[PDB]
Amino acid sequence: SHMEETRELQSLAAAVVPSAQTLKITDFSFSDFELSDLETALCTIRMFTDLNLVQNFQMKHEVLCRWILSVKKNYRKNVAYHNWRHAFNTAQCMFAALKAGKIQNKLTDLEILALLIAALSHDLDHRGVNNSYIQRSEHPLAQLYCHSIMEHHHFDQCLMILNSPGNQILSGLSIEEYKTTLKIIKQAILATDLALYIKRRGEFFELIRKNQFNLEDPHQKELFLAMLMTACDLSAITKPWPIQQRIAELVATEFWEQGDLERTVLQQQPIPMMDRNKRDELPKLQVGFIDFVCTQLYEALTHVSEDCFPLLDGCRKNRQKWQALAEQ
Amino acid sequence: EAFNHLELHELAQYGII
Amino acid sequence: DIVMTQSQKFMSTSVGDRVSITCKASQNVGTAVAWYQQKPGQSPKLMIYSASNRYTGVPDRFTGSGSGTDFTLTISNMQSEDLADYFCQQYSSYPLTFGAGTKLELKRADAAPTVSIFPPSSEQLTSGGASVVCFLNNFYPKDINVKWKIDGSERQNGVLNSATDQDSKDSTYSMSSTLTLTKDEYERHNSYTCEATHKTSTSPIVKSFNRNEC
Amino acid sequence: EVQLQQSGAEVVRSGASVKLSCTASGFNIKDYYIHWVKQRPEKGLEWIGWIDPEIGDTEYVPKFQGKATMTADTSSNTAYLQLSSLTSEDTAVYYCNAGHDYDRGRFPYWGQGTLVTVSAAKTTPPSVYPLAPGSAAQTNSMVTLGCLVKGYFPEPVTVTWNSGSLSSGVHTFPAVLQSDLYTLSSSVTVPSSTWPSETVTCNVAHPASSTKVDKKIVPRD
Ligand SMILES: CC(C)Cn1c(=O)n(C)c(=O)c2nc[nH]c21
Ligand SMILES: CC(C)Cn1c(=O)n(C)c(=O)c2nc[nH]c21
């Protein structure tokens, strides 16, 4: 067990990392379905590499590799949607955003590094259940943390791993750099709490609306950084139909799995969205969600960067298909 | 997690709050 | 509703035979089909699922194949314990539906039935009713036809037939055929005849009596 | 092993109701969907619907709405099927079976079934008629005698010959309905030389009506 892990590092820290072109990770329309585990890790390395993070922060191939692997093994396999392939698909979206969407040219190297590390670990040790549930079931994690419970935990984990020996991919940073990187990373991961996205997006939607929004502003920026996290965290909804189709199948199951617990240990009725029996009201529930949470946001993101439009396009394109379905 | 009471239904019927 | 058709209600087999049982779906069900085995008064049992996968613990002599609309359960080297009813089921979509079943029976040598006819008893007659019973015992194969004639004329109405399951010991079948009339209807005729046609004879077996003698 | 045990057979009156049980042992029903399927005499199995014992959610096919009511209880591991306003058409063998809740429809576990017989008939003792062969002088070997048991309700009746001494050579047929009442016959075959020199009597019993009838078969009609 420890053995398969350790050879995994041997084989990984010695394979050639293919180009970004080869890996089609520059694409908003990208899919992981056909990649192996080892391949995904490789992409990740290519990500760090092509963002100049590797060179500008004196990362040793050895270390990065260990770290990456560590994150991989700290996502739960038994968990339907919120496994490693989610953290990975998010980071790739994030990567695609900075490159093809052209945002890199809009922010610092400290920020880029933080976003990537955050994107990768924003859901660590997610146990396939929402903040709402853990709160209502008096999980000890709820006793520990106040608000954004899970997201606080995801970070507690991220940080535990970065402090692990031979995982200090940050070891190269000045203490001041390190110190503020971590700050941003904390902000990023917490931002993936849907509740904060909601309690904050209004502000941001207006600066856009009023043609006032401007990156230069320190605060305006860090808000946007939150919004960007959300944007990638659920980028799945902006995928080609056949993909969106299938990934919506996982979210489906994971929800329904929680729904079961709600009436088996909690003895409450689950929301329809997690009510396994109501599987036939999926598509409208999808529609309402896309309307409520998504289009709104990806629109904004394009006003900020035009080259980010494919996200908006793919989003409404799926909304189209769910709506049809909802009408059988 | 305190929001406007009109919002509350939509918020909950999706996995939020 | 998807109709699952098992065209063969019965199939005679012998220990050692390779036997195949068919099931046809009225719609494309993919490989979403399962096969069950059932013995009298016992729980059905899962044998095959996903059209070709053997369920845990079922012996390797059972296999299944097919997809779309045509499916087949195959027993290689049939064993005595395999004599039972089998039925397919699709779980492609609701409502879940089943085939009507195919019963595996044992093969033996053909045997001609022993036919006996009995008039109404005087006792039943004092009751105002008249049942004429005919037994067709210990024959093989099961395919058989019984015909009744009242004064040489075919009688269609009023006859009820009952059959025993294949004998667990001698592998034969037996049957009773009884014509029920009222005393008045029965007493308006003379000749009653029970005729059995079975592959074991070109001349049907004919049994009869005349009311005026008996 | 994993087992589904169903309650015994019921003979019920038309218009009434009956509640069937299905008890699980060796496993827990909570993470399964419990389905019920009906099997009418000379007919194929027909699905009734399922219940999710975890939440109590049930789904019935339209033909059984208001006919069947499924309930379950995970602590005692028992599922129930209530059938109301019963009619002749509800006479059938009812099976409960189980499959993983996340599974499309494989039925790995089945109960042995419960036979439910519905009728508006009253309990009636049978009339037993001797079946003796006519005096046809044609010379022959083995002789077959019989007894016609007619007009009784409910099933069953048991029939023996010479108090069980004559076991080989007897055929007792399945009963069939003749306007709400049952009828069956039993034949016995003995050597020609042993009858009538040795008595042959059919013993018929009908526990429902607390009746026992012995008919000695004598030559003639
Ligand atoms: C304790 C901390 C400020 C020192 N420090 C640091 O400077 N870098 C660069 C790291 O990567 C690191 N990891 C743990 N501590 C670290
Ligand atoms: C946290 C997450 C399950 C929320 N979420 C999501 O990310 N995607 C991609 C969906 O399609 C979706 N539908 C409801 N919630 C959803």
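Protein chains in written order, with the authors' numbering: chain C, 532 to 859; chain D, 71 to 87; chain L, 1 to 214; chain H, 1 to 52, 52A, 53 to 82, 82A to 82C, 83 to 100, 100A to 100C, 101 to 214. The C-beta atom is built at its ideal place from N, Cα and C for all residues, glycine as well.
Contact test: residue i Cβ vs ligand 1 heavy atom, cutoff 7 Å
i: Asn694 (chain C); result: yes
i: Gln699 (chain C); result: yes
i: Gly733 (chain C); result: no
i: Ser702 (chain C); result: yes
i: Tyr55 (chain L); result: no
i: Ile648 (chain C); result: no
i: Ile706 (chain C); result: yes
i: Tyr49 (chain L); result: no
i: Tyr709 (chain C); result: yes
Cutoff 8 Å; reference residue i; Cβ partners in own chain excluding five residues on either side
i: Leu765 (chain C); result: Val824, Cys825
i: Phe840 (chain C); result: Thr833
i: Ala719 (chain C); result: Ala645, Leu646, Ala649, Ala650, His653, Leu756, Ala757, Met760
i: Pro167 (chain H); result: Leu177
i: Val548 (chain C); result: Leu573, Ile576, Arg577, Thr580
i: residue 232 (chain L); result: Look at the range of chain L in this structure, 1 to 214, and you will see that residue 232 (chain L) is not part of it.
i: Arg155 (chain L); result: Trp148, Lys149, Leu179
Cut-off 7 Å between Cβ atoms - residues of its own chain near residue i, not counting five sequence neighbours on either side
i: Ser120 (chain H); result: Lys143, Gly144
i: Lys142 (chain L); result: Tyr173
i: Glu58 (chain H); result: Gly49, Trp50
i: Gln854 (chain C); result: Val818
i: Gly128 (chain L); result: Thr182, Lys183
i: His592 (chain C); result: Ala544
i: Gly101 (chain L); result: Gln6, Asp85, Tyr86, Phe87
i: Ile29 (chain H); result: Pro52A, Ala71, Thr73, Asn76, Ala78, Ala94
Near ligand 2: residue i beta-carbon under 7 Å from a heavy atom
i: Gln817 (chain C); result: yes
i: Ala611 (chain C); result: no
i: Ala779 (chain C); result: yes
i: residue 860 (chain C); result: The structure shown does not extend to residue 860 (chain C), since chain C is modelled only from 532 to 859, so the question has no answer here.
i: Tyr829 (chain C); result: no
i: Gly85 (chain D); result: yes
i: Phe561 (chain C); result: no
i: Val89 (chain H); result: no
i: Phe823 (chain C); result: no
Cβ neighbour criterion (16 or more within 10 Å) applied to residue i
i: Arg40 (chain H); result: exposed
i: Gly152 (chain L); result: exposed
i: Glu858 (chain C); result: exposed
i: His79 (chain D); result: exposed
i: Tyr186 (chain L); result: buried
i: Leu76 (chain D); result: exposed
i: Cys677 (chain C); result: exposed
i: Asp72 (chain H); result: exposed
i: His96 (chain H); result: exposed
i: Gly26 (chain H); result: exposed
i: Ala109 (chain L); result: exposed
i: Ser176 (chain L); result: buried
i: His533 (chain C); result: exposed
CB contact flag (residue i, residue j, <8 Å)
i: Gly162 (chain H); j: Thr187 (chain H); result: no
i: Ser162 (chain L); j: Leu108 (chain H); result: no
i: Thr63 (chain L); j: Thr74 (chain L); result: yes
i: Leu540 (chain C); j: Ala572 (chain C); result: no
i: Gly139 (chain H); j: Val133 (chain L); result: yes
i: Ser17 (chain H); j: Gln81 (chain H); result: yes
i: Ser185 (chain H); j: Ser134 (chain H); result: yes
i: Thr180 (chain L); j: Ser131 (chain L); result: yes
i: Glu105 (chain L); j: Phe10 (chain L); result: yes
i: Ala627 (chain C); j: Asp724 (chain C); result: no
i: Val602 (chain C); j: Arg658 (chain C); result: no
i: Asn605 (chain C); j: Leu655 (chain C); result: yes
i: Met625 (chain C); j: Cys846 (chain C); result: no
i: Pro803 (chain C); j: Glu793 (chain C); result: no
i: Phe135 (chain L); j: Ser180 (chain H); result: yes
Same chain only: Cβ atoms within 6 Å of residue i, ignoring 5 sequence neighbours per side
i: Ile774 (chain C); result: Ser562
Exercise for review: Could I get the ranges of all uninterrupted beta strand (DSSP E) runs contained in the segment 16 to 42 of chain L, with 3 residues as the minimum, in chain order?
Suggested key: 19 to 25, 33 to 38
Practice item. Any chance you could list the alpha helix (DSSP H) runs of at least 4 consecutive residues sitting entirely within the segment 576 to 653 of chain C, in chain order? Key: 584 to 587, 592 to 604, 615 to 630, 640 to 652
**Study point:** Within the segment 767 to 836 of chain C, ranges of the alpha helix (DSSP H) (whole runs, at least 4 residues)
**Key:** 772 to 795, 813 to 820, 827 to 835
Practice item. Would you mind listing the alpha helix (DSSP H) stretches within the segment 142 to 199 of chain L that are 4+ residues and don't spill past its ends, in chain order? Key: 183 to 186
Review point. What are the complete alpha helix (DSSP H) segments, minimum 4 residues, inside the segment 676 to 752 of chain C?
Key: 680 to 693, 706 to 722, 725 to 740
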